[PDB]
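This report concerns only the one structure given below.
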Amino acid sequence: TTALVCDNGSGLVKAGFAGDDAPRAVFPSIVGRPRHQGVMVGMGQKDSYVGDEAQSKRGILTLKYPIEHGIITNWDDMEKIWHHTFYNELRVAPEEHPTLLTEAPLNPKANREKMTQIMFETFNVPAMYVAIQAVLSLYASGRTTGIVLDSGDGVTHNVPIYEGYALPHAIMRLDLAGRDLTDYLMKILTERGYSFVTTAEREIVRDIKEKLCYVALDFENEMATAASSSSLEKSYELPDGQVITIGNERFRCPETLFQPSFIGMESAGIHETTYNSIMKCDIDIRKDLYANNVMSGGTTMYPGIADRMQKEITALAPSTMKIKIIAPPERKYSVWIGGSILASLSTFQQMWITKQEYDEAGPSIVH
Amino acid sequence: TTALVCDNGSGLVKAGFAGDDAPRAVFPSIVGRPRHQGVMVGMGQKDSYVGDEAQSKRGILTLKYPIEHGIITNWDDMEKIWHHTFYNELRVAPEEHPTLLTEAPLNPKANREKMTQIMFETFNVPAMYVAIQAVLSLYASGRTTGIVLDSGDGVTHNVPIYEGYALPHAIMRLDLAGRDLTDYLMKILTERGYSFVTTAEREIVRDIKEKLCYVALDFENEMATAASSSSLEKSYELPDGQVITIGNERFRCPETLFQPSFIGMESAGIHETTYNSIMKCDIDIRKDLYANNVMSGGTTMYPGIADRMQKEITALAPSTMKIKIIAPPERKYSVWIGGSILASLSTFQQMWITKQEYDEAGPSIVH
Amino acid sequence: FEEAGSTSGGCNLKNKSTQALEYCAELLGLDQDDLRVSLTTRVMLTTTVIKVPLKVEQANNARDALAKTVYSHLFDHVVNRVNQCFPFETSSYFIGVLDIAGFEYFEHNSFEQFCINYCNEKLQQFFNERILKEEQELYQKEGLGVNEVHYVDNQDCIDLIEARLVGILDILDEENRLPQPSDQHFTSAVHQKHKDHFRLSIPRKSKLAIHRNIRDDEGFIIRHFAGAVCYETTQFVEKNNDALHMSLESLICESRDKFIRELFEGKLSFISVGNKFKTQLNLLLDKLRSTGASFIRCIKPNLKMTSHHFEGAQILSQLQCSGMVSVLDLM
């Protein structure tokens, strides 16, 4: 049997077998219990709706993302995510396949152990391994050097890798993008009188965060032309018939990635965390970290990136240095195409942690 | 078959067959193990990188010169130097050629024995001989009298030879130049705020020790003009984009060869060790040691030598004596062009130690 | 194909290759703007249908993969057109002639000669298998009955070249999957997994001076029935790598020309290139096992190819390269 790559998204959990095209299942991670009393008599209602069904049944449930700030809320809901994914999307039994699971870089111990341990006893997989989402994006882009960005709602990361070794002393985790950008967009859309305070309605905010937002070339000059009469406004239509016109806030929300002072948080922008991680690496290596700046994750899919990022880095970086920023299409599925390449390779079959070895070793094998 | 002259450099190991042009392989002697963990999965990484590959992979390894203070660190790394040199540079089997190996003058016993013995059993050469690097520089310059200088990182030597006999009572070994000049340059470049403390980065220091340094005509008068506003500064560019401007220290570092009090060591300068070795020879011979002062080794390739050396010796030497200091181009390959002339001559074929004779005699044949 | 200007990654075509594309697309019956996308992108779906650009080296291998697909189906169209010039009335029993090149090798051997000598080693296995069966039914026919005879195996040479995960063709096809393929990593991986065995040595172990000039990571020596044959590894992976993918396979089939569509009658992306050489050969070896056999070995007596000249320094080399001497060892 065929191995299964299942990505523990922050979004947007992604699932598909090993090779060779695209993921089979992608869905918004949400679990939602019903906040109102039923009067139908069937009864016909589920105890907890997962996505996609919880995104079709908005407004009668209370949506709860099971992974928040890069860590799982409880494994009771997480197990339901897994069960739903394997059985009613992929249509496969875990006993049939070796699996490949993903994690986030700088995640607290003992949450990789507890995960691995529960998943082996609950789903009875014959072998498993847990890879960080950032490393996998190297394979997806066909690179062997560069700084890797796993940016999902709501934890971004900046990991530098050099042919083909990782540098522990320069790894940066920012809790900045993207769920706090969702919350910030909701705070500056209230300023235009649209009240979307409720949990369900927050998903609609997320959808306009995808579609209508853009990044400026320079903030001050976009603000200048905003003061002018020329329309930057785009009109969105809402499920109850309402028409929302956003303009100024449209470029304000993504600009936060370069200026976190908009949220009021002390942390520095992607601009400077890129530079400061490069300048924590040895002198000879710095040469090839420039021009292997590879963006990844769905929250980097705004149009004005990477050429904003490019212009800003080129201004702070040493003169006459070659800087190219690598941003392909499909960054949301980058991780999955990474994992797919990995699990197909020899000899990594023998790098998987198998059940008998796990049973003897216990949680200490993980690291 | 054609004999092979392989020079046990301090630098800068040099290799090429006997006659008639130039060496085929020159490389920086460094072996370097990888100091960081690999994450690529290929795996594709070597256990120990030798030069040139260890000079292309700086900053992810820890460079270790295998010969230090004129003696080899261990024969485990030395054998890898040899194996790399014969096989992946020269493309020749040792069983095909009689070899000619070099050593340093005043090197401790039993390190010529142990070398000879290991090389015969490991590489199975049919015959061998070991010549000191200084004697070979006589042939290279076409002389038969004179004081010979083997100066490499980090042991210099002063050997007097008279037509065509060697004088044991006047041989001087100074542990002064050049690797301690590398370390001293790193200590006076920190004074200008550039921190190059790491092993890899030390090679960059060595490269600026080659290119940018110069020797003064007189220290005090160069120091005078240094106090003036006129620029002695040269701007170097560094692999990560940095621009380094050195001036005062530029002539300070090589001047150490005439004044070791800059390092704080008690030993006297090349000036005085030249004079004091001449004045340990018999009266009639002193006449022809003057004007056959022949410099050799790459660490004598600074521009202000030999005419600094000339002016200083002429001041200490007796009045009206003819003094000429012989310093041709290509001093770094002097030794190799020496060895080449030697191994081609009859009857020195019958001076080689052959395998059957070595097997009967054992390590006692060496001397 | 040059490198794209940082905009979305990938590769673009060179400006010197613009009029060269215009004069090529009318021979293939396709549009020049759609062919430029198809030679640079990986078309997939998210179900919208997105276009994800490829790297420069993957586009040079994909452009040559189109030429190794169009000419491959053109030779299969010539043979099928010839078989339609004499259609068979019916089928039942058959007497056929298999003709192929013998054990052919040069001073420095290539990937093309590696597949010939691998094909002759599998045919050498079936050759000695049919000889032993004829001798066992000769002894029975003369009334001598059964007796013990020693058989020589060459399965260890076959497992070396084609075994799953550990074979030479299996490492070669895996190297294509790596994010950065190498030929120095391919050579070192062969003596990584096969450190022992007698059918394989380093080039410097050879008695021949020309083979002793080859560096450890530049080649290898594989012993076959006809002896020790060295192969260099430069360009070996490049010649194996083929990358015909969806975005280009579903474009040459979609041609506006009718003769082109007649030539071509998600998953798998890059496909398995080192497997097509093993898979197609197994369709002939089991057909040869299902029939009887009549082995006719053909001898060239002299280099000039002129009448009444015998060269015993060239004939003896063909007795040892035909497998004839091996069968005399068996007997």
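All residue numbers here begin at 1 and follow the chain in the order shown.
Heads up, header says this was done by electron microscopy, 4.6 Å.
Here the Cβ of each residue, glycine as well, is placed from N, Cα and C on the backbone.
The DSSP secondary structure for B:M40 (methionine (R)-sulfoxide) is coil. With a 10 A radius on its CB, B:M40 (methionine (R)-sulfoxide) counts 21 other CB atoms from all the protein chains. Feature annotation from Swiss-Prot assigns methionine (R)-sulfoxide to B:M40 (among others).
Around B:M43 (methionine (R)-sulfoxide), no same-chain residue at least 6 positions away in sequence has a Cβ under 8 Å from its Cβ. Annotation source Swiss-Prot lists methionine (R)-sulfoxide at B:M43 (among others), citing similarity to another entry.
According to Swiss-Prot, the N6-malonyllysine annotation covers B:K57, on the basis of similarity to another entry. The number of other CB atoms found within 10 A of the CB of B:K57 (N6-malonyllysine), across every protein chain shown, is 20.
Of all Cβ atoms in the shown protein chains, 12 besides its own fall within 10 Å of the Cβ of B:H69 (tele-methylhistidine). Annotation source Swiss-Prot lists tele-methylhistidine at B:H69, citing experimental evidence.
Summarising the annotation, Swiss-Prot assigns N6-methyllysine to B:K80. Other Cβ atoms within 10 Å of the Cβ of B:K80 (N6-methyllysine) number 15 in total over all chains.
Annotation source Swiss-Prot lists ADP-ribosylarginine at B:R173. Around the Cβ of B:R173 (ADP-ribosylarginine), the number of neighbouring Cβ atoms within 10 Å comes to 17. B:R173 (ADP-ribosylarginine) falls within a strand segment according to DSSP.
Counted with DSSP, the region 'Interaction with alpha-actinin' (B:106-119) comes out as 7 helix, 0 strand, 7 coil. Sequence annotations record features per position, and here Swiss-Prot assigns region 'Interaction with alpha-actinin' to B:106-119 (among others).
Broken down with DSSP, the region 'Interaction with alpha-actinin' (B:354-366) shows 11 helix, 1 strand, 1 coil. Marked as region 'Interaction with alpha-actinin' by Swiss-Prot: B:354-366 (among others).
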Among B:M40, B:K57, B:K80, B:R173, which are recorded as modified residues, the nearest neighbour of B:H69 (tele-methylhistidine) by Cα: B:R173
Cβ under 8 Å to chain A, applied to modified residues B:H69, B:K80, B:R173: none
Cα-Cα distance linking B:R173 (ADP-ribosylarginine) and B:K80 (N6-methyllysine), given in Å to the nearest integer: 28
Distance from B:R173 (ADP-ribosylarginine) back to B:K57 (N6-malonyllysine), taken between C-alpha atoms, in Å: 35
Cα-Cα distance linking B:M40 (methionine (R)-sulfoxide) and B:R173 (ADP-ribosylarginine), given in Å to the nearest integer: 48
